[PDB]
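Next comes just one chain, in structure tokens: the form deposited in one PDB entry.
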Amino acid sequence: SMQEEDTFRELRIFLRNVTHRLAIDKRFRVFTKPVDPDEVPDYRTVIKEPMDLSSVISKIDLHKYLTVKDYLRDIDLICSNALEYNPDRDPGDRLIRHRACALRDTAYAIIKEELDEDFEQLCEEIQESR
């Protein structure tokens, strides 16, 4: 129905706004673009499903997300990819892991404050009807 298409359009507006607020934070610069094959040719042999915030905006606009739960699966993949690729005790690995961690926790805290639970449940019930 047109009412259901207005629901998904409001979801996309909400997801674009959260993603922009993450992408401008200086801590999260390393998560804003795909890893460069040249600089790191090993990355795509270890990490089987790369993800970054530029790819997330493109996915919003392609109508890939019909719920906030499916958006958060991609934010969780950004933060699990960085934990798995950079697991060592040295300062450079520890700095990306504390930050990858800060990106996950910040996304979940904005959603807990600003997403209405009944809006999410509506999106879930429209998705489950299709």
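Heads up: residue numbers just count along the shown sequence, starting at 1.
- Of the two segments, 69 to 77 and 37 to 45, the one listed with the higher mean B-factor is 37 to 45 (C-alpha atoms only).
- The PDB entry reports B-factors from which the mean C-alpha value can be compared for 12 to 20 and 109 to 117; the larger average falls on 109 to 117.
- Among the modelled residues of its chain, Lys26 has a C-alpha B-factor that falls in the highest third, as given in the PDB entry.
- Residue-level temperature factors show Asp52 in the lowest third of its chain, judged at the C-alpha atom.
- The PDB entry assigns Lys59 a C-alpha temperature factor belonging to the lowest third of its chain's modelled residues.
- Remark: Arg94 belongs to the middle third of its chain, ranked by C-alpha B-factor as recorded.
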